[PDB]
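Below: the structure, in structure tokens.
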Amino acid sequence: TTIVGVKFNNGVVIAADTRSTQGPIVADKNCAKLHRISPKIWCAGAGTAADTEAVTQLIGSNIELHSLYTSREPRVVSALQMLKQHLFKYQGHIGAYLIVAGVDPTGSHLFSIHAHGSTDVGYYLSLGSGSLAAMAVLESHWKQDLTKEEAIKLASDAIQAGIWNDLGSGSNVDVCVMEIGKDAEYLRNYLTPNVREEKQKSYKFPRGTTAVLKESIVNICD
Amino acid sequence: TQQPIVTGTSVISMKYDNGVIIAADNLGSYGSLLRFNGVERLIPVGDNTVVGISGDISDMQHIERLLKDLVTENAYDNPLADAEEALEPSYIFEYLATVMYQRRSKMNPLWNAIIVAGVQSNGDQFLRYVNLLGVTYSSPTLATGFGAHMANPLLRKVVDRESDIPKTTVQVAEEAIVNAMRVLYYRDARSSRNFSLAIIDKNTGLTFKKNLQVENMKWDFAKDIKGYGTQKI
Amino acid sequence: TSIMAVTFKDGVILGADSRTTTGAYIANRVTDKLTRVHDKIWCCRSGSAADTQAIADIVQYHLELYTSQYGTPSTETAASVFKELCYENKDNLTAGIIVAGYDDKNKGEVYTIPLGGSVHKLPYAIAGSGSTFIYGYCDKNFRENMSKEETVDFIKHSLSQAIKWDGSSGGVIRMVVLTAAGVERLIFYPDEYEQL
Amino acid sequence: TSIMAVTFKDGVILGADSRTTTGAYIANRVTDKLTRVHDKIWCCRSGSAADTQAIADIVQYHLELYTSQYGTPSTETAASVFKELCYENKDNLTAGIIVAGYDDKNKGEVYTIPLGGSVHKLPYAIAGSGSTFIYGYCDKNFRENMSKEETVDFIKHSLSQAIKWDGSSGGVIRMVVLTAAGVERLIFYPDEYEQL
Amino acid sequence: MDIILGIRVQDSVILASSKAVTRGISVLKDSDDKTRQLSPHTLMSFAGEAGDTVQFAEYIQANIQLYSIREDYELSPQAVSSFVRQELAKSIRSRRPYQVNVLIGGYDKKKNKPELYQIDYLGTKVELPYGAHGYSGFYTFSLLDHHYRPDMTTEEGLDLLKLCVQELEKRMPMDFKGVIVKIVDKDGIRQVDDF
Amino acid sequence: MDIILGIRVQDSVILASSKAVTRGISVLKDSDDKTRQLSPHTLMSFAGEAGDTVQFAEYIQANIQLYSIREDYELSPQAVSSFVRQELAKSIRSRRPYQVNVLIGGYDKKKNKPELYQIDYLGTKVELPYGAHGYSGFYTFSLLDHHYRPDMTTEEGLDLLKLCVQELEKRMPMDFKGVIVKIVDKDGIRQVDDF
Amino acid sequence: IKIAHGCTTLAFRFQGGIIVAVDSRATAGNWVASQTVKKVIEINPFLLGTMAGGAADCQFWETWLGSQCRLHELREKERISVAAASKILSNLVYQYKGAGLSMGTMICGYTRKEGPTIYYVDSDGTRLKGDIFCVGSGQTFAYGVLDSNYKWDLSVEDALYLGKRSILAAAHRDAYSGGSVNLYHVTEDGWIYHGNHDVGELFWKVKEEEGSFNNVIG
Amino acid sequence: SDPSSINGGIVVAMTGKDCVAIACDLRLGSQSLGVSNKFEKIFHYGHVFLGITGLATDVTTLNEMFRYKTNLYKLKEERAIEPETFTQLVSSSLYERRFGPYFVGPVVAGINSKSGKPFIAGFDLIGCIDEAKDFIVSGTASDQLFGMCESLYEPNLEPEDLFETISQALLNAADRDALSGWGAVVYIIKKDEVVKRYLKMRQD
Amino acid sequence: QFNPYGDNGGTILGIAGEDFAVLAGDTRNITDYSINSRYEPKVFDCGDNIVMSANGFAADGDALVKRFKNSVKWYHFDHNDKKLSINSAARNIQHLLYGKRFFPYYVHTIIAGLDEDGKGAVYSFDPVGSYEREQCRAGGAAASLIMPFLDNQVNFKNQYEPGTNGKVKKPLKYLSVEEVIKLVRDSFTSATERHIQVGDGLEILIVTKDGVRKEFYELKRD
Ligand SMILES: *[C@@](C)(CO)[C@](*)(O)[C@H](CC(C)C)NC(=O)[C@H](Cc1ccccc1)NC(=O)[C@H](CC(C)C)NC(=O)[C@H](CCc1ccccc1)NC(=O)CN1CCOCC1
Ligand SMILES: *[C@@](C)(CO)[C@](*)(O)[C@H](CC(C)C)NC(=O)[C@H](Cc1ccccc1)NC(=O)[C@H](CC(C)C)NC(=O)[C@H](CCc1ccccc1)NC(=O)CN1CCOCC1
Ligand SMILES: *[C@@](C)(CO)[C@](*)(O)[C@H](CC(C)C)NC(=O)[C@H](Cc1ccccc1)NC(=O)[C@H](CC(C)C)NC(=O)[C@H](CCc1ccccc1)NC(=O)CN1CCOCC1
Ligand SMILES: [Cl-]
Ligand SMILES: [Cl-]
Ligand SMILES: [Mg+2]
Ligand SMILES: [Mg+2]
Ligand SMILES: [Mg+2]
Ligand SMILES: [Mg+2]
């Protein structure tokens with residue numbers, strides 16, 4: 001994976017590629033790595049695919065119950081604290097590397113969590129196999145006082161660096177923008193720069209090509 | 001079977017319209033200790049080739065001596081040693097590439113990653129990589145160590161394929177290299193601020209720049225970063 | 001890491017670099033290793049980022065609960081809570097912590113807690129990978145009852161050398177001043193400290 | 001070991017402790033790690049006692065045979081012979097050697113040869129287990145073109161700290177002065193240097 | 001423990017199980033019956049780790065016999081095989097798993113059909129016309145593929161089985177001291193005394 | 001390779017050697033003669049690592065045959081056994097030693113006495129009334145201790161040998177496919193075809 | 001990478017000479033590298049060798065054997081014996097013992113002085129003369145069919161089928177055997193090739209005509 | 001001793017125009033030894049189909065487990081479970097055994113009875129969901145199946161055409177895998193009819 | 001400890017027609033998750049209408065090609081400029097590979113050209129020299145993906161004549177150079193989608209009696 005997070009004027013934006021690997025094989029060419037913890041707290045995930053999904057859903061569930069219990073919108077630090085303490089308890093065996101971001105009554109926030117439970121604060125962050133390709137772009141082009149449109153551009157450029165230069169990353173760019181005082185907009189497949197070219201030939205077989213031994217109607221009804 | 005002791009980090013390089021640029025910092029690390037600071041890891045051979053070497057420094061110095069001796073040997077009984085029968089980058093590379101693979105095949109490698117940058121006699125740019133395994137490859141941008149992971153992505157935004165080379169000037173190319181060196185200083189724990197840069201142009205020839213420093217760095221935003229999540233002070 | 005804490009006339013000052021590493025990659029170049037466990041009791045963190053954070057969070061919780069019942073805790077008390085965690089979980093922890101605080105009675109105090117979990121009260125303390133390179137310098141240059149400006153210069157010069165030689169240390173030099181006046185944060189950038 | 005060599009105005013001075021260890025036992029507390037390979041070319045020995053002696057003996061032989069044919073060798077030449085042995089036999093050697101000598105043309109020169117077998121010409125050099133603790137101190141306090149007395153104080157203070165912190169270093173501080181005047185041996189005992 | 005075979009024919013299931021018990025360089029016994037009657041019309045043979053085999057077999061036997069008494073009814077071979085599979089399927093993820101492989105030969109009285117089930121120590125169940133565990137299969141399966149017919153009689157099955165034992169006795173490295181053969185049919189379980 | 005035995009009686013030496021050749025889970029051959037005639041009145045059986053056994057046996061055979069031609073004279077069993085021991089004694093400290101154990105049965109024509117020598121792969125020679133290599137000894141030695149007499153006839157020796165093979169066939173784990181028996185006496189070497 | 005390890009091969013003596021039968025599959029783990037591998041090396045017009053274990057080791061050294069046999073008959077003005085030919089190979093691999101060669105082979109021939117002769121040769125130095133041999137991952141399956149049906153007085157037609165059927169038996173059960181069956185018949189005047197037989201088509205053909213494999217639905 | 005490749009086997013699922021197809025081989029072996037040519041790897045709970053590759057004992061166990069859970073689901077919900085919901089149930093159940101997992105590669109296939117939308121999904125052994133428009137592959141010849149499917153597949157295939165594509169994908173993939181084959185089954189699934197076809201393939 | 005081998009990834013493919021033969025291979029060179037070159041050719045014209053590729057560890061691949069090219073040169077010197085036939089070249093390569101049996105060239109070698117009857121020929125080698133002539137062979141990282149597709153489309157495996165009850169097979173026939181290139185291009189675009197080490201570019205070398213022609217095609221760069 002490649003995943004990033006970039007702070008801007010009135011909020012925060014996160015982005016991710018959409019490649020899912022199994023050894024050297026691309027298992028999913030368009031998987032979703034951006035996860036909704038709460039309506040305005042979103043999470044980019046790298047590492048063990050099941051773990052990033054499971055841990056983000058569990059904390060997201062507990063956050064929802066907490067929000068209902070306290071009659072308050074949930075805070076990013078709550079998700080951060082709950083995620084890190086869970087991961088730390090499992091001593092890195094839950095291989096989830098997360099970029100946590102969102103807006104809450106306190107303001108806009110951007111954090112990263114590693115599998116062993118350490119957290120980091122920053123204006124721009126990147127995680128995953130293609131984090132070095134992404135971070136190179138971020139270190140080259142990031143500045144203070146970014147606008148919304150500038151932060152999206154910088155974030156998607158950082159993902160692209162990973163897509164092209166890292167074999168662990170590829171396909172499309174997903175983005176989620178979390179601005180203060182507005183609804184969070186999830187931009188699924190924000191960029192699709194890896195469209196498959198038309199095949200040279202149709203491999204539609206003549207009907208009857210496959211040799212058949214038996215046929216039978218299967219009963220699905222009661 | 002070796003283990004590298006005193007080591008040099010990334011060597012980065014790229015092609016541009018009239019020639020090639022190569023750069024490497026002046027550090028000789030001893031593990032985590034940043035032991036030696038006056039180490040030159042770019043070594044010119046003649047006025048048309050520069051060999052950039054990373055990895056073990058004792059083995060680098062051995063390669064220096066081999067190249068120095070190669071120039072001497074080429075001059076013997078050679079009236080055209082400073083003309084038609086001068087050492088080409090391709091000759092120098094192939095020689096090293098032969099040595100690297102022979103040494104890996106004897107299970108006693110020269111623990112290095114080498115990039116040979118230069119300009120051929122016909123004006124063609126030469127840029128090719130070789131390492132301890134005898135593995136070779138060529139590309140519009142080449143980098144070793146961390147440079148491969150961080151520099152190449154940045155340099156490939158300038159020259160992504162062959163057709164981008166005539167479109168890239170020496171000003172633009174040098175800017176990208178110097179920028180890459182800054183990024184490596186931010187992010188490579190075995191890098192130094194001081195570095196050397198070399199340009200081999202088909203018109204202006206070899207320009208060797210020493211004692212360069214990374215500058216125009218962004219550190220101010222650090223003051224705003226407090227704690228690791230919940231801390232406010 | 002390179003970290004240190006130094007007592008002086010008016011109180012105590014904590015100092016640290018800002019480098020976090022994964023092998024030879026710098027995961028974070030602007031890390032804050034100086035962290036608050038109480039109003040005027042802070043600590044310097046070296047070793048595992050995860051372990052030291054987990055520990056510091058627990059200590060902050062303990063000292064907050066202490067304060068609710070028994071009022072402000074001593075710097076010694078804070079160091080004891082750190083020790084208890086580090087000692088009892090020594091098999092599963094990689095944390096080298098320096099505890100530093102300001103009482104009005106006891107003035108500036110510094111306690112260092114190495115890997116084993118042992119406690120050592122000192123006039124000043126140094127720790128982290130880069131501290132090895134400045135034992136000589138710090139021992140020769142440390143004086144008791146220094147002024148604020150002298151202590152800031154002592155830490156700045158010391159960590160500058162630690163950073164210069166240790167690849168595992170770098171970035172900015174953060175500092176936190178603990179006195180009767182209050183809590184002051186200081187930062188010093190490469191362009192200043194490198195050419196000292 | 002803790003060893004160093006420092007160039008100055010009149011020439012060069014080599015310095016060393018006198019501790020040889022087997023684990024934590026001190027096999028010899030009065031060792032002479034400063035050894036002559038030629039009249040005014042000496043070396044500091046760190047690492048294996050057996051390897052460094054074997055190497056030094058071979059170098060002395062080579063330089064004696066050089067002198068019989070081609071006259072007095074340069075300090076660079078001596079360092080090249082050390083390198084050749086250390087580099088070509090890197091797999092079977094544990095030797096960290098500092099070569100130091102005095103020419104009349106080239107004045108004082110210092111070459112350091114670490115484990116790999118690489119050569120590094122420097123104004124001054126430090127090496128051995130205890131050198132880690134004085135990188136900070138030595139960098140801050142070294143100046144070029146020092147006087148004899150200043151250079152002796154620099155080495156004495158430096159090795160004093162190295163000894164103080166390194167368990168693998170101790171005993172007396174031996175020194176050898178190389179100038180146009182000749183060769184002078186110096187010794188400094190614990191009672192003097194410890195309380196510096 | 002080594003050789004256990006099974007052949008389901010038209011009207012019966014035949015189980016052949018080696019008589020040898022070897023420990024180290026000594027054949028301690030040459031008349032060992034590697035089977036337990038789970039119910040009047042259900043027989044289970046077994047092979048694997050020493051101790052585990054008998055301990056498991058008797059544990060299953062007890063459980064099935066307990067069921068029989070409680071319900072005054074005989075469980076079908078399919079039902080017994082599923083119970084056995086589940087026990088092994090639990091076992092494999094235990095602290096110390098049962099390293100036992102079994103064949104379950106039974107005659108279903110409701111269906112009037114013989115049934116042969118092969119279950120390994122992992123809990124891998126398969127219904128087969130002929131089965132084997134261990135290295136035995138490597139010789140017999142190909143031999144049975146060739147000579148086996150689904151409409152064979154019990155006598156034809158015994159001749160087919162003799163052909164397998166002969167091949168094993170020729171090409172197997174170890175002396176397994178012959179086999180005890182048992183037949184499971186509509187009339188229950190009986191042993192062939194002369195083989 | 002596994003079972004090789006030897007019995008020296010009054011007027012002859014009898015060698016019994018298993019016929020099986022096993023590789024993996026397959027008995028590749030059941031009629032293998034694990035012996036070579038070194039000279040008209042000297043026979044060597046062998047057992048050990050595959051390939052090494054035959055390669056060593058034939059190498060010794062060649063050397064003894066070369067000696068016979070050169071001197072037009074047959075070496076004594078004692079002399080041959082010493083030559084064989086030395087070859088193995090060299091071998092054990094080589095880069096790749098011969099892992100071969102041998103029995104040397106011979107009839108000394110000058111002494112008019114049968115002689116049995118046991119030599120292992122290390123080069124450890126002993127003259128014995130009866131010998132064995134491998135696990136065979138663990139059963140036979142005690143049996144021979146009891147029943148063996150020094151003045152036995154060749155026919156009494158063969159009966160004693162049958163008693164050993166029967167015991168091995170009963171208690172040995174592996175099927176060694178019987179033995180080839182050979183007799184060495186004043187009239188030379190001959191094979192017992194029905195055993 | 002892993003290198004090719006194509007196996008089921010057999011060879012048996014009978015009245016009409018020798019039958020040699022092999023499968024065609026070569027594998028690298030679970031991956032089927034080739035279904036069309038030639039596992040019978042035609043050493044020369046009179047000698048055959050079988051391929052099991054290391055594909056390269058068997059190929060390289062059995063063509064090398066054909067060179068040594070040719071040099072023998074040039075110098076001795078006479079056909080090389082099967083005994084001699086097999087021993088040239090077994091002595092060679094014995095020199096390489098320990099180095100890691102992997103070979104299970106049948107050297108098959110028919111000469112005047114010997115008649116039909118088969119020698120099993122092994123990379124650990126074993127050299128065995130015999131009437132029936134079966135080598136490979138599916139050898140046990142092929143043995144079962146061979147042992148129950150073998151007689152010395154088989155016809156050339158029936159012997160050829162028995163060899164074909166024994167490979168089929170192994171190709172079915174053994175996962176690492178299959179592809180196709182290659183048949184050879186060795187006579188005194190040389191070997192005669194009896195075609196390539198795809199197992200996919202041969203299985204259904206045999207099932208119907210023979211009535212066997214009732215366990216499988218067709 | 002690699003649980004996922006002891007028994008061997010493969011499953012593949014595809015989508016078409018208003019239909020889905022799921023197919024599997026019939027082999028069950030013990031490494032090199034082929035043991036059964038009748039071992040079906042596709043099961044169904046109502047109109048939701050589940051294929052499972054990997055360690056056979058777990059394939060059996062999980063089938064029995066999802067039958068168990070879908071039966072209780074139906075009794076309480078008073079309706080058949082849908083593919084989307086079942087997919088989540090499979091994921092939950094697998095991740096429950098995170099640090100002691102079933103060694104399997106399950107594949108869900110079916111048509112949602114309310115919307116009529118074709119649905120397929122794959123999982124890793126610890127329950128990570130892999131949803132796909134086109135196709136899902138699983139088993140010891142997954143690499144082969146990926147290669148076959150990626151080249152042969154095209155969108156919006158009619159049930160009869162889709163049958164040919166999925167069958168050829170499975171067959172040719174299986175023939176390049178030693179531990180797969182020995183017969184094959186293909187399920188063609190339309191909105192309210194399901195056809196099951198046994199394929200003729202090489203038996204080696 | 002020093003490991004003398006490495007994996008440079010990539011994948012190659014050889015197909016033989018009636019009067020022609022193609023040897024294709026992607027132009028991507030990698031180590032771990034990094035791209036070294038997007039255009040590093042590994043299919044070479046070796047003279048005498050022989051094209052060759054040694055995919056796997058590039059250092060060993062380049063050494064082998066270099067040695068074979070040299071073998072072709074010395075074959076001309078020693079045998080009066082005789083043309084090296086594809087079968088003779090194959091046997092020669094076996095000896096090159098097996099020469100290093102106990103320290104192998106970690107490469108899957110494929111050569112292509114025309115046999116002495118003028119017909120298309122492809123030979124494939126394992127790392128230690130076992131070789132075989134075939135109509136069809138894929139080699140390298142994505143060989144497991146491409147090869148079964150080739151069985152189906154080149155050799156018409158598992159394809160029966162419609163309506164013949166799976167009794168009559170689809171008849172074998174030679175493919176045209178146009179049809180073969182279509183299969184090559186589709187094989188590589190498919191492999192690029194699902195294998196991370198395959199992409200960037202595709203270089204095909206076509207061998208007819210007229211000589212050796214080249215064709216290049218872009219591949220996805222992610
Ligand atoms: C980039 C793309 C990594 O290169 C990203 O970091 C993504 C994160 C996204 C998907 C959220 N990571 C992956 O795609 C991740 C890479 C990976 C692989 C293995 C360990 C850690 C990370 N891939 C996966 O997690 C896949 C998800 C599949 C394709 C749906 N899962 C696997 O590869 C699992 C590994 C599961 C696992 C178990 C125990 C510890 C750690 C991980 N492997 C298998 O399924 C392989 N095998 C199948 C046969 O049965 C045995 C298991
Ligand atoms: C200096 C750097 C050293 O003393 C300082 O002490 C700082 C302290 C600050 C950050 C509070 N220490 C580190 O930066 C610390 C160094 C370290 C590493 C391992 C054990 C102890 C100390 N770095 C970390 O803890 C990083 C921070 C992450 C990247 C945010 N974590 C890792 O490097 C993890 C730690 C896993 C671990 C191992 C052993 C004990 C505890 C935790 N390691 C990896 O992810 C492994 N990595 C995989 C990629 O290949 C390189 C190795
Ligand atoms: C300081 C101490 C470290 O840098 C100095 O460098 C000095 C250099 C001077 C003496 C020239 N170094 C030592 O004193 C050196 C330390 C050392 C040890 C091992 C390897 C490298 C360096 N000490 C020695 O060489 C002693 C001197 C003997 C006692 C006179 N030798 C040993 O300790 C031997 C060495 C064996 C050896 C191991 C590996 C490489 C080379 C040589 N070790 C033992 O006898 C083992 N001993 C057995 C009793 O239990 C404790 C271990
Ligand atoms: Cl931190
Ligand atoms: Cl000494
Ligand atoms: Mg030594
Ligand atoms: Mg001391
Ligand atoms: Mg098979
Ligand atoms: Mg990429």
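Following the order of the structure tokens, chains are lettered A, B, ..., residues in each are numbered from 1, and ligands are numbered from 1.
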
Determine, using only C-alpha atoms and all ligand atoms, which residues of chain A have any atom at most 12 Å from an atom of ligand 9, and tabulate each with its shortest atom pair and distance in Å to one decimal place, rows ordered by chain and then rising number, as a Markdown table.
```
| residue | atom | partner | partner_atom_place_in_ligand_line | distance |
| --- | --- | --- | --- | --- |
| A:1 | CA | ligand 9 | 1 (Mg) | 10.0 |
| A:2 | CA | ligand 9 | 1 (Mg) | 10.0 |
| A:17 | CA | ligand 9 | 1 (Mg) | 10.3 |
| A:18 | CA | ligand 9 | 1 (Mg) | 11.5 |
| A:19 | CA | ligand 9 | 1 (Mg) | 9.6 |
| A:21 | CA | ligand 9 | 1 (Mg) | 11.9 |
| A:24 | CA | ligand 9 | 1 (Mg) | 11.9 |
| A:26 | CA | ligand 9 | 1 (Mg) | 11.4 |
| A:129 | CA | ligand 9 | 1 (Mg) | 10.4 |
| A:130 | CA | ligand 9 | 1 (Mg) | 8.6 |
| A:133 | CA | ligand 9 | 1 (Mg) | 10.2 |
| A:134 | CA | ligand 9 | 1 (Mg) | 11.9 |
| A:159 | CA | ligand 9 | 1 (Mg) | 10.5 |
| A:160 | CA | ligand 9 | 1 (Mg) | 8.9 |
| A:161 | CA | ligand 9 | 1 (Mg) | 8.3 |
| A:162 | CA | ligand 9 | 1 (Mg) | 6.4 |
| A:163 | CA | ligand 9 | 1 (Mg) | 4.6 |
| A:164 | CA | ligand 9 | 1 (Mg) | 4.0 |
| A:165 | CA | ligand 9 | 1 (Mg) | 4.6 |
| A:166 | CA | ligand 9 | 1 (Mg) | 4.0 |
| A:167 | CA | ligand 9 | 1 (Mg) | 3.9 |
| A:168 | CA | ligand 9 | 1 (Mg) | 6.4 |
| A:169 | CA | ligand 9 | 1 (Mg) | 5.3 |
| A:170 | CA | ligand 9 | 1 (Mg) | 5.3 |
| A:171 | CA | ligand 9 | 1 (Mg) | 8.5 |
| A:172 | CA | ligand 9 | 1 (Mg) | 11.2 |
| A:194 | CA | ligand 9 | 1 (Mg) | 10.7 |
```

Report task. Return as a ChimeraX atom specification the residues belonging to chain D that are within 6 Å of chain B, counting only C-alpha atoms. Result -> /D:116-118

Which chain F residues have any atom within 8 Å of an atom of chain E, and for each, what is the nearest pair of atoms with distance in Å to one decimal, counting only C-alpha atoms, rows sorted by chain and number, as a tab-separated table?
```
residue	atom	partner	partner_atom	distance
F:22	CA	E:173	CA	6.6
F:25	CA	E:173	CA	6.0
F:26	CA	E:171	CA	5.3
F:27	CA	E:171	CA	5.0
F:28	CA	E:171	CA	7.6
F:135	CA	E:25	CA	7.8
F:170	CA	E:27	CA	7.5
F:171	CA	E:27	CA	4.9
F:172	CA	E:26	CA	5.8
F:173	CA	E:174	CA	5.7
F:174	CA	E:174	CA	3.9
F:175	CA	E:175	CA	4.8
F:176	CA	E:173	CA	7.8
```

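The two atoms in question, CA of residue 204 in chain I and CA of residue 22 in chain I, are spaced 6.8 Å apart.
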
Query raised in the report: Leaving out residue 62 in chain H and any residue of its chain fewer than 5 positions from it, which residues lie within 9 Å of it when counting only C-alpha atoms, given as a PyMOL selection string?
Result: chain H and resi 52+57+67+102

Query raised in the report: Could you list, as a PyMOL selection string, every residue of chain H that has an atom within 7 Å of an atom of chain A, counting only C-alpha atoms?
Result: chain H and resi 46-47+126-128+130+152+161+164-165+167+194-200

**Report entry** At most 8 Å from ligand 4 (only C-alpha atoms and all ligand atoms): residue list as a PyMOL selection string
**Finding:** (chain A and resi 118-120) or (chain B and resi 227-228) or (chain C and resi 20+31-33+45+49-50+52-53)

Query raised in the report: Looking only at the backbone, which of the residues in range 90-193 of chain A does DSSP tag as helix (DSSP H, G or I), as number ranges by chain?
Result: A: 131-141, 148-165

Query - Selection within 8 Å of ligand 6 by only C-alpha atoms and all ligand atoms, output as a ChimeraX atom specification - result: /D:48,50-51,92-94

Hey, which bits of chain H sit within 8 Å of ligand 8, and for each residue what's the closest pair of atoms and how far apart in Å (one decimal), counting only C-alpha atoms and all ligand atoms, rows by chain and increasing number, as CSV?
```
residue,atom,partner,partner_atom_place_in_ligand_line,distance
H:34,CA,ligand 8,1 (Mg),7.1
H:178,CA,ligand 8,1 (Mg),6.9
H:182,CA,ligand 8,1 (Mg),7.9
H:203,CA,ligand 8,1 (Mg),6.8
H:204,CA,ligand 8,1 (Mg),3.5
```

Please produce a file of the residues just selected, as a PDB file, in the first residue's frame, where the atoms kept are C-alpha atoms.
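Saved the output as result-v5.pdb:
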```pdb
ATOM      1  CA  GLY H  34      -5.094 -38.855  -5.010  1.00  0.00           C
ATOM      2  CA  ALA H 178      -0.717 -31.218  -9.970  1.00  0.00           C
ATOM      3  CA  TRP H 182      -9.832 -35.177 -11.211  1.00  0.00           C
ATOM      4  CA  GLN H 203      -8.074 -37.644 -15.149  1.00  0.00           C
ATOM      5  CA  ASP H 204      -4.377 -37.234 -14.289  1.00  0.00           C
TER       6      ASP H 204
END
```

Report task. Check which residues fall inside 8 Å of ligand 7 when counting only C-alpha atoms and all ligand atoms, and print them as JSON, numbers by chain. Result -> {"D": [162, 163, 164, 165, 166, 167, 168, 169, 170, 171]}

Keeping only N, CA, C and O atoms, write those residues as an mmCIF file, in the first residue's frame.
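Output file part_34.cif follows:
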```cif
data_model
loop_
_atom_site.group_PDB
_atom_site.id
_atom_site.type_symbol
_atom_site.label_atom_id
_atom_site.label_comp_id
_atom_site.auth_asym_id
_atom_site.auth_seq_id
_atom_site.Cartn_x
_atom_site.Cartn_y
_atom_site.Cartn_z
ATOM 1 N N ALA D 162 37.864 9.378 28.319
ATOM 2 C CA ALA D 162 37.699 8.057 27.709
ATOM 3 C C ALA D 162 37.903 6.959 28.750
ATOM 4 O O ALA D 162 37.070 6.063 28.885
ATOM 5 N N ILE D 163 39.005 7.053 29.491
ATOM 6 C CA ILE D 163 39.302 6.131 30.592
ATOM 7 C C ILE D 163 38.204 6.147 31.660
ATOM 8 O O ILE D 163 37.777 5.088 32.134
ATOM 9 N N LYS D 164 37.757 7.344 32.031
ATOM 10 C CA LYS D 164 36.769 7.515 33.098
ATOM 11 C C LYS D 164 35.467 6.772 32.819
ATOM 12 O O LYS D 164 34.858 6.223 33.739
ATOM 13 N N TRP D 165 35.046 6.763 31.557
ATOM 14 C CA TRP D 165 33.760 6.183 31.169
ATOM 15 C C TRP D 165 33.871 4.767 30.608
ATOM 16 O O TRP D 165 32.965 3.959 30.797
ATOM 17 N N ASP D 166 34.969 4.470 29.919
ATOM 18 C CA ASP D 166 35.174 3.146 29.334
ATOM 19 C C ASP D 166 35.828 2.201 30.334
ATOM 20 O O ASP D 166 36.927 2.471 30.824
ATOM 21 N N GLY D 167 35.147 1.099 30.638
ATOM 22 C CA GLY D 167 35.702 0.058 31.499
ATOM 23 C C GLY D 167 36.850 -0.679 30.833
ATOM 24 O O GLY D 167 37.755 -1.177 31.505
ATOM 25 N N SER D 168 36.815 -0.737 29.503
ATOM 26 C CA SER D 168 37.862 -1.382 28.711
ATOM 27 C C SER D 168 39.119 -0.519 28.546
ATOM 28 O O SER D 168 40.027 -0.895 27.807
ATOM 29 N N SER D 169 39.163 0.635 29.211
ATOM 30 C CA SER D 169 40.329 1.515 29.166
ATOM 31 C C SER D 169 40.739 1.937 30.572
ATOM 32 O O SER D 169 39.896 2.082 31.464
ATOM 33 N N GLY D 170 42.039 2.133 30.768
ATOM 34 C CA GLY D 170 42.549 2.539 32.068
ATOM 35 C C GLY D 170 44.049 2.410 32.208
ATOM 36 O O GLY D 170 44.766 2.204 31.226
ATOM 37 N N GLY D 171 44.513 2.535 33.447
ATOM 38 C CA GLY D 171 45.933 2.456 33.766
ATOM 39 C C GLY D 171 46.614 3.799 33.618
ATOM 40 O O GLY D 171 46.112 4.810 34.108
#
```
